[PDB]
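Asks: Mind looking over this structure? Questions follow.
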Amino acid sequence: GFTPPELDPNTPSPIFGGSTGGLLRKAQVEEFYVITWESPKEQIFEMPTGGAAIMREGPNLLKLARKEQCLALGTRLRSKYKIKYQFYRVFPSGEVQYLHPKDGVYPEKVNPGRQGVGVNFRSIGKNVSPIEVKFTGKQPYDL
Amino acid sequence: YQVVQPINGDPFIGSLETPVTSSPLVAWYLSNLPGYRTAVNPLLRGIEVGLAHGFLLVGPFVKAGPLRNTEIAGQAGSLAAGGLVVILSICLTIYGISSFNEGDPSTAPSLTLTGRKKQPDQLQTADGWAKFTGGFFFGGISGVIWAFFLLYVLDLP
Amino acid sequence: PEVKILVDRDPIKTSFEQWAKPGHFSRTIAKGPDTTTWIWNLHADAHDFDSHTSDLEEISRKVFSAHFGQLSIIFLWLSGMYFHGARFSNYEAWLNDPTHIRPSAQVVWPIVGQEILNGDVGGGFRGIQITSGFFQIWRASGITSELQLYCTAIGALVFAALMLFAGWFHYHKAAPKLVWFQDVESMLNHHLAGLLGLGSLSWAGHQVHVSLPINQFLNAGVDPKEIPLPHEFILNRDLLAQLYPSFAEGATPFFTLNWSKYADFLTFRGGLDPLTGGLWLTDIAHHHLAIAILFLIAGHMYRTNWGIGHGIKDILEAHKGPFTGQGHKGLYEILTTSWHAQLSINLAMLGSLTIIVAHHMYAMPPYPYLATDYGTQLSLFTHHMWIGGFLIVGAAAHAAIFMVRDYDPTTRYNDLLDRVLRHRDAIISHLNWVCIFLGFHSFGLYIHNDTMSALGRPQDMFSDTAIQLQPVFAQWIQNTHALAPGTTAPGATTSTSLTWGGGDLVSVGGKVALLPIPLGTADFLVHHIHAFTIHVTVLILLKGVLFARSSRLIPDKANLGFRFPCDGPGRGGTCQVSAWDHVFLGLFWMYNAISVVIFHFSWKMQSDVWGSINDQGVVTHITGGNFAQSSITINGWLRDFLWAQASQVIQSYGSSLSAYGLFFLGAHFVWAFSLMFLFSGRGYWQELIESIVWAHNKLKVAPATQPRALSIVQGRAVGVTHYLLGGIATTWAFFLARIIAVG
Amino acid sequence: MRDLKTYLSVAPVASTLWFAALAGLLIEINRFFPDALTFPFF
Amino acid sequence: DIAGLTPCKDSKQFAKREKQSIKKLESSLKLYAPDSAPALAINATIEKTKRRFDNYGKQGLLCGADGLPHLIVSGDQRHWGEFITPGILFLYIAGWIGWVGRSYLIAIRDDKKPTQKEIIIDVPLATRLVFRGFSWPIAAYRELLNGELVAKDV
Amino acid sequence: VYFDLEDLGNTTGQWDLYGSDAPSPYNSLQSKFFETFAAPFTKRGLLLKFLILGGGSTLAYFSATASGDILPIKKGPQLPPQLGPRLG
Amino acid sequence: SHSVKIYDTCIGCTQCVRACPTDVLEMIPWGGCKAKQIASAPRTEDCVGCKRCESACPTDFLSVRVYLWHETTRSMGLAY
Ligand code: CLA
Ligand code: CLA
Ligand code: CLA
Ligand code: CLA
Ligand code: CLA
Ligand SMILES: CC1=C(C/C=C(\C)CCC[C@H](C)CCC[C@H](C)CCCC(C)C)C(=O)c2ccccc2C1=O
Ligand code: SF4
Ligand code: SF4
Ligand code: SF4
């Protein structure tokens, strides 16, 4: 059992002068992303989009344009610094969707509450020939 | 003291504030162009835009065209500017038909730079866009006619 | 902070043990090959020192000794040129009759039929005509006998040995400490004042004591064997005084500031000597003297051990403003840390310099009998253009390697760099737009002219006879240069260059040297082509640098390295996102730009400059002044330039120029060969190789080093390398056959 | 010494020696028997 | 003769080519003092030219209307020197090279690091093996019969 | 605050940067002039048809009635027809 | 969205998950190998199709497969 931490607005954002690498209309009408982390101090870190920003001591909130930017920055926060991070997807309705770490456990560490998806129980060479799924909507790897 | 700041204070919206972008001269001038008159009927803004542009297009067509050196028809080469007004008005029309449906509301922003709620421009509606296209056509044909009406006492006729 | 000599003793042991361990420098490569890919990596990583080790001191020591190796090779190469000038040249016969004899410094053996390449170059000499220019240098240096060339070749060989020795010595015996390299103020002070200053002064010395007098006897028609030896001018000052009377004073006017009395052999006349067609040697010696003073002064700007002077860090930090923040703060730390940064700036400036040299040497021919030798002049201009362009693309490559490898805002921060990175999208978007605008409004005008000319409407073209696009600004400039002497340069007798000033056509041996170069709509259109091509090259390379770290498509791009093929077919496909692939793409555009530049040079010079002159002064240009009316159209380039001027190289068979015909076709071949690599991909080749490998295992002859197709990156590198070699060598053969036959 | 012979056994060096010998040989053969479209000795 | 050609000894065009070549080299020769070294070189090229055309004429080469040798590769016994005989020589040498290289690869294949001897040649082993190519046709024929030439089930 | 899950238009920068929002600087009588005269062109489908058919027939007109003093293609050849390489 | 599948040749070395730049893959418990874990692709709607996972797999043949399929804003890696 794991309860995703809710996104807390009014969480401070890093010190940064602005860049052309930030959000666009996509964030207004489609979706954007938010990564939060806890920092032990004020540090300089490389922004996945602009140049250099100053991570604030304590909780940090950072809105990014793509999920991959959140995961890249988080990978670095966990690597260069030793910082726990989470990030979420945010729709223009205000709805928030917690994304990562999905279990509260990082996905490279096996966690027992996890259900198999897209797992085929056979060697890859035992997939059927296309002719055997022709005119059916299926793909030989969907089995 | 530094001249460049993030856009509207938010440093993670992808842009910057410069003398080019946010300046009283620039902000006033852009705010006083017809396209940026959000409360005005789009038909009138289309009239102004069409008048300016249609008037402008006459020059290059007449002076650079193929009949330019036959002053008998070279002056009358303004028909080409008229035709370009027709084509552009087609492009506007199909842009609005493609972009806006009958009962959809405006897609323009309904906020101001300072955060207060705004009423969105009707230009970004099907009816508002149709009105802006009709106005651009009328003003454009009219501006071409007005430029062609003046052939006299100009250093480059 | 006390600058001093710092080295370490015996850091690396001189041994053949690692000669026998291929890839010793790399921990992975040293394990030897499991596949053929190993063999390529061994060569691609050999000089990538900062990938071998992370210790800045070791890297700096490798770099230093490597530079010694380079200089050794250069001295061996100069030894070759002087030795061939002494032993296998017609340089004395040419020295007698320069306007007739063709310079030749290579002779081929009669083995397989190739002796036909030993052609009639004059002076009773069979050989290959040389376009390097060494004869005009040696004449300008007062060199007369082959013996002097022998002595120079021996000295050059000795210096090759000394440089090589110093490389081994400073890598294996006395290897400087890292602080020694980072003493930037000392280095700049010694290269400004010591290297450039004392070099220029020494050369001024040789010129006033050797070059000027010996060239006076050459110009006066004296036989070179009868000319006094250069040291006889140093001993008996009466020889010089007869030639140059000022030498009777004993350098007393120098100390008494009577320097105007030296206006005899130190002059500001400018223009060209009408006998030799080269710049006045008095002006040149005076020039090297002035340069010597300027650099000797410039070498005292930086503080070292005596408190006076500048620290460069101070200068940087003081320079900041309301637009750039704290800018320049941090650059001293970057430029004393990253070799790739220094190599980037130095490649940029050295290549740009080489291009400037290319212009200044044609418009101001510095050596005697150089301007009228059109093969040498075309060869020099084209050559230095290529060197410059290559060097600049290199500057982009190493700016990118800095961004990927040495950039760290948490350690060595710079405000200017951060701000640039913070509006890279604006910079690249605007450069993109300018490139499109320039494409349309330079090349699209050519297409306009081709279409109007095909439709029978030459009055609707862009031409000096139709719709004129006059380069009014450049015309005004060259007018101002023409009016400069006596007005804004009262000391200057004539124009700065004969391309400016009207009249004063210079002819040598019936051939013209320089006359005023006209400018019109054709020159306008071509110049905007050059603007266009340069802007697109800059776009590709700068875009490569600024998005090497990251982008909206790939946020973690810097973790993939400087040189990587892609990040896969996803995100729509991400091939060629690496900064390396931006250098790859920019090489093609440097080729395009420089190609159009040298075509513009050959075309314009043969049309409006070079040619023969009548006894009564009627000039016939090699081509009929057809630049103005034929270059304003792409069909005119295809027909009146390529199709016309390629006749020599396709007609060279059966003559001594047939080697240029063979290289014409062969360079076409390697260029087309590159398209196999550039248009395909290694998956196909690896599968095919699977079948070939099957065939070998069938006969027990499959190799242990498993055959592999080239890497994606290597496919690209091979491709661009053969594309560039083929194109450049094709234009090489074309140019040399053309200008050797018709020049 | 052993390491130097090893270095001289490496692929590029052995290749230059081998092809340089082959080139001298073929050159001298074309020097004593030049031209020759055929094997004339039958 | 064959294919409508004529022997080069009987070809007017062939002799016209020899004449025009020699007169060309002599036109170059008129420029230099006869004692000079360029002169001796052009004389050597002239003698080599005469040797060339005289040899092509002697050894029975047929000529086209172009006055140039054409090679008969059909196998006609009058022209084996033009292909079949140099061809057998070639196949002997190429078979030698490939047989020796195969011998080397087989010899090093069970070494502890085979690739090590592929990038650094075992010159003693190579010298031991080079002269196996002298008898490569007997060796390869015997291997083909014995079943040692081709790998089994590949 | 710059992040508010309640107002994302402010949060995502969805503003009218240069929109004036002021009232009409166009005086009336001018406005009513253009409103009554440009009104038939404010139906987008109808305007599309009027532009395609109007401009198309206009084009057909100036093309059908063009004079050789304007187009060489109507003027036709004015020279004696030349003779082909071997043929007519 | 791109399809991503795991095959029971998987040995549970976790390298596909470690390589993934959009967090598509997880490690779930399983009894078929010694590491007692097998990969899984529960979030392929975020899959961009770069095949870093496939570059990371040590199994011969692969035990992750990315079948590039219907493109979306997320699969094209668009920040706009
Ligand atoms: C004279 C004897 C000698 C000996 C035995 C050694 C021994 C050694 N050196 Mg040293 N060194 C020497 C001279 C020598 N060096 C000289 C003269 C220089 C000045 C250039 C250096 C500078 C130097 C540096 C900077 C480094 C070494 C390194 C090394 C070690 C690595 C092994 C190696 O170098 O393989 C190399 C084998 C080669 C055959 C290299 C050939 C390179 C030549 C000079 C290029 C020739 C250019 C060529 C003509 C281009 C035309 C090509 C064309 C035909 C297509 C090794 C123990 C490296 C080290 O420390 O290892 C960690 C290291 O980085 N040496
Ligand atoms: C394949 C069909 C086609 C046709 C029939 C034409 C016809 C014409 N072209 Mg065009 N052109 C074409 C393709 C075509 N072009 C393409 C593909 C390109 C891109 C390379 C161009 C680019 C091109 C250029 C750059 C120019 C022309 C010009 C011309 C005119 C030159 C003759 C003239 O001087 O007349 C008479 C000259 C006049 C100025 C009379 C104007 C004609 C009136 C305005 C017709 C009214 C138009 C109509 C209302 C709207 C049309 C759209 C319609 C479907 C709704 C001529 C009427 C020239 C031109 O138009 O001059 C400005 C010229 O500048 N063409
Ligand atoms: C007046 C003193 C002086 C002079 C003349 C030079 C000259 C040169 N330096 Mg050096 N250098 C100096 C002082 C000097 N340096 C100082 C104070 C520092 C900082 C401590 C450096 C550190 C430095 C580095 C890191 C490098 C150079 C390099 C070079 C060469 C650049 C390429 C070139 O121009 O080739 C032109 C060729 C010539 C002019 C031929 C003449 C060269 C003669 C033989 C050397 C004369 C100066 C020499 C230092 C005297 C010492 C010899 C003695 C100790 C036995 C060049 C020969 C590059 C290099 O090493 O290339 C191998 C390079 O990498 N310099
Ligand atoms: C003094 C200038 C200079 C210096 C010192 C360097 C130094 C370096 N460069 Mg740079 N670069 C330069 C100029 C320079 N470069 C220029 C002018 C360009 C434009 C082409 C580049 C573009 C560039 C790229 C794209 C890359 C580098 C890389 C590197 C590093 C690896 C070098 C290596 O081991 O390759 C080994 C050398 C070879 C394998 C030789 C290859 C043979 C060439 C391709 C053919 C030459 C043809 C020949 C001249 C004509 C035909 C003869 C033939 C028929 C026999 C190294 C530190 C690489 C790197 O990874 O950086 C870390 C890299 O990717 N450079
Ligand atoms: C002749 C071949 C060719 C052509 C036409 C182009 C064209 C272009 N390249 Mg490319 N390139 C080429 C070869 C070519 N390239 C090759 C072989 C490579 C591999 C190394 C590259 C790699 C390359 C890179 C890496 C880049 C470019 C860029 C560009 C653009 C430069 C901006 C510009 O000039 O816009 C204007 C367009 C032109 C000058 C083309 C001709 C325009 C005609 C004359 C106008 C006709 C219009 C007419 C109305 C047509 C309508 C007819 C109707 C029927 C549709 C341009 C469109 C740069 C870029 O993206 O742009 C900034 C860029 O970064 N190229
Ligand atoms: C042709 C081609 C190949 C095949 C080309 C290869 C494998 C080049 C290697 C061929 C050389 C000849 C192998 C070297 C063999 C050794 C030097 C041994 C030679 C023996 C003696 C003669 C020295 C690719 O691998 C490739 C990869 C990616 C994009 C395009 C292409 C591509 O176009
Ligand atoms: S085709 Fe090659 S370069 Fe392109 S994405 Fe695929 S692997 Fe990368
Ligand atoms: S293709 Fe890329 S994004 Fe998709 S699952 Fe594999 S590593 Fe993750
Ligand atoms: S890389 Fe292959 S074996 Fe390893 S966890 Fe992923 S699917 Fe399993």
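Note on naming: chains are A, B, ... as they come in the structure tokens, residues start from 1 per chain, ligands start from 1 in the order shown.
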Apply DSSP to the structure's backbone, then extract all residues of chain G labelled strand (DSSP E or B) and return them as a VMD selection string.
Replies: chain G and resid 3 to 7 26 to 29 37 to 40 64 to 67
Asks: Please produce a file of the residues just selected, as an mmCIF file, in the first residue's frame, where the atoms kept are N, CA, C and O atoms.
Replies:
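And here is the file that came out, out_8.cif:
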```
data_model
loop_
_atom_site.group_PDB
_atom_site.id
_atom_site.type_symbol
_atom_site.label_atom_id
_atom_site.label_comp_id
_atom_site.auth_asym_id
_atom_site.auth_seq_id
_atom_site.Cartn_x
_atom_site.Cartn_y
_atom_site.Cartn_z
ATOM 1 N N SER G 3 4.204 -0.121 -29.181
ATOM 2 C CA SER G 3 4.062 -1.324 -28.375
ATOM 3 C C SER G 3 5.426 -1.704 -27.820
ATOM 4 O O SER G 3 6.443 -1.554 -28.505
ATOM 5 N N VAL G 4 5.450 -2.166 -26.570
ATOM 6 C CA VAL G 4 6.666 -2.681 -25.944
ATOM 7 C C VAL G 4 6.329 -3.996 -25.261
ATOM 8 O O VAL G 4 5.352 -4.076 -24.509
ATOM 9 N N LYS G 5 7.135 -5.021 -25.513
ATOM 10 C CA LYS G 5 6.874 -6.337 -24.952
ATOM 11 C C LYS G 5 8.124 -6.877 -24.276
ATOM 12 O O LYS G 5 9.254 -6.497 -24.607
ATOM 13 N N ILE G 6 7.896 -7.767 -23.313
ATOM 14 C CA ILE G 6 8.938 -8.503 -22.615
ATOM 15 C C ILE G 6 8.732 -9.979 -22.925
ATOM 16 O O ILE G 6 7.597 -10.440 -23.091
ATOM 17 N N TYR G 7 9.833 -10.720 -23.023
ATOM 18 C CA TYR G 7 9.791 -12.143 -23.328
ATOM 19 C C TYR G 7 10.441 -12.931 -22.198
ATOM 20 O O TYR G 7 11.354 -12.440 -21.526
ATOM 21 N N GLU G 26 9.099 -1.470 -15.624
ATOM 22 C CA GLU G 26 9.242 -1.801 -14.215
ATOM 23 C C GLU G 26 9.810 -3.204 -14.080
ATOM 24 O O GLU G 26 9.837 -3.991 -15.032
ATOM 25 N N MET G 27 10.242 -3.519 -12.866
ATOM 26 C CA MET G 27 10.620 -4.874 -12.493
ATOM 27 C C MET G 27 9.521 -5.450 -11.605
ATOM 28 O O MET G 27 9.173 -4.858 -10.578
ATOM 29 N N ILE G 28 8.965 -6.583 -12.010
ATOM 30 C CA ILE G 28 7.902 -7.245 -11.259
ATOM 31 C C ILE G 28 8.429 -8.603 -10.819
ATOM 32 O O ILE G 28 9.352 -9.160 -11.437
ATOM 33 N N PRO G 29 7.881 -9.160 -9.744
ATOM 34 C CA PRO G 29 8.329 -10.485 -9.302
ATOM 35 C C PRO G 29 7.929 -11.573 -10.286
ATOM 36 O O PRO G 29 6.942 -11.456 -11.018
ATOM 37 N N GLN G 37 12.906 -11.812 -10.951
ATOM 38 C CA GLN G 37 12.221 -10.623 -11.426
ATOM 39 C C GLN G 37 12.240 -10.602 -12.945
ATOM 40 O O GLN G 37 13.162 -11.113 -13.581
ATOM 41 N N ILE G 38 11.200 -10.006 -13.520
ATOM 42 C CA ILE G 38 11.061 -9.894 -14.962
ATOM 43 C C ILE G 38 10.582 -8.483 -15.267
ATOM 44 O O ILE G 38 9.927 -7.839 -14.442
ATOM 45 N N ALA G 39 10.932 -7.990 -16.446
ATOM 46 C CA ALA G 39 10.568 -6.631 -16.797
ATOM 47 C C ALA G 39 9.098 -6.566 -17.201
ATOM 48 O O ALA G 39 8.427 -7.584 -17.385
ATOM 49 N N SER G 40 8.596 -5.340 -17.321
ATOM 50 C CA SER G 40 7.211 -5.111 -17.702
ATOM 51 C C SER G 40 7.100 -3.697 -18.241
ATOM 52 O O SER G 40 7.877 -2.818 -17.859
ATOM 53 N N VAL G 64 13.463 -7.426 -24.437
ATOM 54 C CA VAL G 64 12.594 -6.278 -24.675
ATOM 55 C C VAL G 64 12.459 -6.127 -26.176
ATOM 56 O O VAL G 64 13.447 -6.277 -26.907
ATOM 57 N N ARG G 65 11.260 -5.799 -26.644
ATOM 58 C CA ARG G 65 11.096 -5.373 -28.027
ATOM 59 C C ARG G 65 10.211 -4.142 -28.079
ATOM 60 O O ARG G 65 9.152 -4.098 -27.442
ATOM 61 N N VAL G 66 10.650 -3.155 -28.845
ATOM 62 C CA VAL G 66 9.890 -1.946 -29.103
ATOM 63 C C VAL G 66 9.395 -2.028 -30.540
ATOM 64 O O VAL G 66 10.188 -1.986 -31.489
ATOM 65 N N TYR G 67 8.090 -2.183 -30.701
ATOM 66 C CA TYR G 67 7.435 -2.147 -32.002
ATOM 67 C C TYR G 67 6.844 -0.754 -32.171
ATOM 68 O O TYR G 67 5.753 -0.465 -31.674
#
```
Asks: Set the cut-off to 9 Å and count only C-alpha atoms: what are the residues of chain C that reach chain G? Output as a list in words.
Replies: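 Every residue of chain C that passes the 9 Å test is in residues 552, 553, 554, 556, 567, 568, 569, 570, 571, 572, 573 and 574 of chain C.
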Asks: Let me see the file: selected residues, C-alpha atoms, as an mmCIF file, in the first residue's frame.
Replies:
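Result written to result_18.cif:
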```cif
data_model
loop_
_atom_site.group_PDB
_atom_site.id
_atom_site.type_symbol
_atom_site.label_atom_id
_atom_site.label_comp_id
_atom_site.auth_asym_id
_atom_site.auth_seq_id
_atom_site.Cartn_x
_atom_site.Cartn_y
_atom_site.Cartn_z
ATOM 1 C CA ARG C 552 13.466 19.866 -26.234
ATOM 2 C CA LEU C 553 13.771 16.609 -28.179
ATOM 3 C CA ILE C 554 16.565 15.092 -26.060
ATOM 4 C CA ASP C 556 19.936 14.410 -21.585
ATOM 5 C CA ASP C 567 19.211 8.289 -29.959
ATOM 6 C CA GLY C 568 17.167 5.899 -32.089
ATOM 7 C CA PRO C 569 14.145 5.864 -34.390
ATOM 8 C CA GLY C 570 11.866 7.250 -31.676
ATOM 9 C CA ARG C 571 10.560 10.781 -31.185
ATOM 10 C CA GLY C 572 9.983 10.678 -34.936
ATOM 11 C CA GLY C 573 13.645 9.639 -35.425
ATOM 12 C CA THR C 574 16.710 11.287 -33.925
#
```
Asks: If the limit is 6 Å from any atom of ligand 9, counting only C-alpha atoms and all ligand atoms, which residues qualify? Return them as a PyMOL selection string.
Replies: chain G and resi 6+10-16+38-39+56-59+63-64
Asks: Given the selection you just returned, output its residues as a file containing N, CA, C and O atoms, formatted as a PDB file, in the first residue's frame.
Replies:
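To be explicit, this is the file written out as selection_15.pdb:
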```pdb
ATOM      1  N   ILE G   6       7.896  -7.767 -23.313  1.00  0.00           N
ATOM      2  CA  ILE G   6       8.938  -8.503 -22.615  1.00  0.00           C
ATOM      3  C   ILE G   6       8.732  -9.979 -22.925  1.00  0.00           C
ATOM      4  O   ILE G   6       7.597 -10.440 -23.091  1.00  0.00           O
ATOM      5  N   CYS G  10      13.879 -13.187 -20.425  1.00  0.00           N
ATOM      6  CA  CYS G  10      14.397 -12.157 -19.541  1.00  0.00           C
ATOM      7  C   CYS G  10      15.045 -12.770 -18.306  1.00  0.00           C
ATOM      8  O   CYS G  10      14.519 -13.713 -17.708  1.00  0.00           O
ATOM      9  N   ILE G  11      16.212 -12.240 -17.938  1.00  0.00           N
ATOM     10  CA  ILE G  11      16.966 -12.705 -16.778  1.00  0.00           C
ATOM     11  C   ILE G  11      16.896 -11.733 -15.609  1.00  0.00           C
ATOM     12  O   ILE G  11      17.539 -11.975 -14.577  1.00  0.00           O
ATOM     13  N   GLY G  12      16.151 -10.637 -15.739  1.00  0.00           N
ATOM     14  CA  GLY G  12      15.947  -9.689 -14.658  1.00  0.00           C
ATOM     15  C   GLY G  12      17.183  -8.946 -14.191  1.00  0.00           C
ATOM     16  O   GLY G  12      17.442  -8.861 -12.986  1.00  0.00           O
ATOM     17  N   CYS G  13      17.951  -8.397 -15.125  1.00  0.00           N
ATOM     18  CA  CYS G  13      19.123  -7.597 -14.793  1.00  0.00           C
ATOM     19  C   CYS G  13      18.794  -6.125 -14.578  1.00  0.00           C
ATOM     20  O   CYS G  13      19.685  -5.362 -14.183  1.00  0.00           O
ATOM     21  N   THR G  14      17.554  -5.712 -14.851  1.00  0.00           N
ATOM     22  CA  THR G  14      16.989  -4.381 -14.614  1.00  0.00           C
ATOM     23  C   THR G  14      17.526  -3.308 -15.562  1.00  0.00           C
ATOM     24  O   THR G  14      17.116  -2.146 -15.450  1.00  0.00           O
ATOM     25  N   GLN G  15      18.393  -3.657 -16.514  1.00  0.00           N
ATOM     26  CA  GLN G  15      19.065  -2.639 -17.324  1.00  0.00           C
ATOM     27  C   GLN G  15      18.123  -1.929 -18.296  1.00  0.00           C
ATOM     28  O   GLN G  15      18.349  -0.756 -18.622  1.00  0.00           O
ATOM     29  N   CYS G  16      17.071  -2.601 -18.769  1.00  0.00           N
ATOM     30  CA  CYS G  16      16.107  -1.915 -19.627  1.00  0.00           C
ATOM     31  C   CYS G  16      15.412  -0.784 -18.879  1.00  0.00           C
ATOM     32  O   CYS G  16      15.238   0.313 -19.425  1.00  0.00           O
ATOM     33  N   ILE G  38      11.200 -10.006 -13.520  1.00  0.00           N
ATOM     34  CA  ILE G  38      11.061  -9.894 -14.962  1.00  0.00           C
ATOM     35  C   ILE G  38      10.582  -8.483 -15.267  1.00  0.00           C
ATOM     36  O   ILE G  38       9.927  -7.839 -14.442  1.00  0.00           O
ATOM     37  N   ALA G  39      10.932  -7.990 -16.446  1.00  0.00           N
ATOM     38  CA  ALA G  39      10.568  -6.631 -16.797  1.00  0.00           C
ATOM     39  C   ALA G  39       9.098  -6.566 -17.201  1.00  0.00           C
ATOM     40  O   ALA G  39       8.427  -7.584 -17.385  1.00  0.00           O
ATOM     41  N   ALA G  56      20.271  -2.013 -24.153  1.00  0.00           N
ATOM     42  CA  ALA G  56      20.724  -2.435 -22.832  1.00  0.00           C
ATOM     43  C   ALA G  56      20.552  -3.927 -22.565  1.00  0.00           C
ATOM     44  O   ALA G  56      21.136  -4.434 -21.605  1.00  0.00           O
ATOM     45  N   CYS G  57      19.790  -4.646 -23.386  1.00  0.00           N
ATOM     46  CA  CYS G  57      19.474  -6.038 -23.070  1.00  0.00           C
ATOM     47  C   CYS G  57      20.658  -6.948 -23.384  1.00  0.00           C
ATOM     48  O   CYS G  57      21.229  -6.861 -24.476  1.00  0.00           O
ATOM     49  N   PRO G  58      21.054  -7.821 -22.459  1.00  0.00           N
ATOM     50  CA  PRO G  58      22.131  -8.784 -22.727  1.00  0.00           C
ATOM     51  C   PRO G  58      21.666 -10.129 -23.260  1.00  0.00           C
ATOM     52  O   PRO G  58      22.509 -11.000 -23.498  1.00  0.00           O
ATOM     53  N   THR G  59      20.365 -10.330 -23.429  1.00  0.00           N
ATOM     54  CA  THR G  59      19.839 -11.622 -23.839  1.00  0.00           C
ATOM     55  C   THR G  59      19.939 -11.784 -25.350  1.00  0.00           C
ATOM     56  O   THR G  59      19.745 -10.830 -26.109  1.00  0.00           O
ATOM     57  N   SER G  63      15.074  -9.561 -25.089  1.00  0.00           N
ATOM     58  CA  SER G  63      13.897  -9.845 -24.289  1.00  0.00           C
ATOM     59  C   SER G  63      12.997  -8.630 -24.094  1.00  0.00           C
ATOM     60  O   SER G  63      11.869  -8.791 -23.616  1.00  0.00           O
ATOM     61  N   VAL G  64      13.463  -7.426 -24.437  1.00  0.00           N
ATOM     62  CA  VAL G  64      12.594  -6.278 -24.675  1.00  0.00           C
ATOM     63  C   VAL G  64      12.459  -6.127 -26.176  1.00  0.00           C
ATOM     64  O   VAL G  64      13.447  -6.277 -26.907  1.00  0.00           O
TER      65      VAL G  64
END
```
Asks: Kindly indicate which residue among E:66, E:10, E:104, E:48 lies nearest to residue D:30, using only C-alpha atoms for the distances.
Replies: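 Checking each candidate against residue D:30, we get E:48 as the closest.
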Asks: Please identify every residue of chain A that has at least one atom no more than 8 Å from any atom of chain B, counting only C-alpha atoms, and report them as a list in words.
Replies: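 Applying the cut-off to the listed atoms yields residues 16, 17, 18, 19, 20, 21, 22, 23, 24, 63 and 64 of chain A.
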Asks: Can you write just those residues out, C-alpha atoms, as a short mmCIF file (atom, residue, chain, number, x, y, z; two decimals), in the first residue's frame?
Replies:
```cif
data_model
loop_
_atom_site.label_atom_id
_atom_site.label_comp_id
_atom_site.auth_asym_id
_atom_site.auth_seq_id
_atom_site.Cartn_x
_atom_site.Cartn_y
_atom_site.Cartn_z
CA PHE A 16 16.37 31.16 -12.50
CA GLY A 17 16.32 34.12 -14.89
CA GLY A 18 14.19 32.56 -17.62
CA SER A 19 14.99 30.92 -20.96
CA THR A 20 13.53 30.27 -24.39
CA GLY A 21 13.53 26.58 -23.46
CA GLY A 22 10.49 26.65 -21.19
CA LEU A 23 6.78 26.09 -21.64
CA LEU A 24 4.78 26.83 -24.78
CA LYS A 63 7.14 22.88 -14.11
CA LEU A 64 8.54 21.29 -17.29
#
```
Asks: Please check the contacts: residues of chain B at most 7 Å away from chain C, using only C-alpha atoms, listed as a list in words.
Replies: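 On the chain B side, the interface is residues 1, 2, 3 and 4 of chain B.
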Asks: I'd like the neighbourhood of residue E:17 as a JSON list (two decimals) with C-alpha atoms, in the first residue's frame, where a residue qualifies if any of its atoms comes within 8 Å (using only C-alpha atoms), though same-chain residues fewer than 4 positions away should be ignored.
Replies:
```json
[["chain", "number", "residue", "atom", "x", "y", "z"],
["E", 13, "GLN", "CA", 47.62, 2.14, -89.35],
["E", 21, "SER", "CA", 54.90, 8.72, -82.14],
["E", 67, "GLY", "CA", 45.99, 0.32, -85.74]]
```
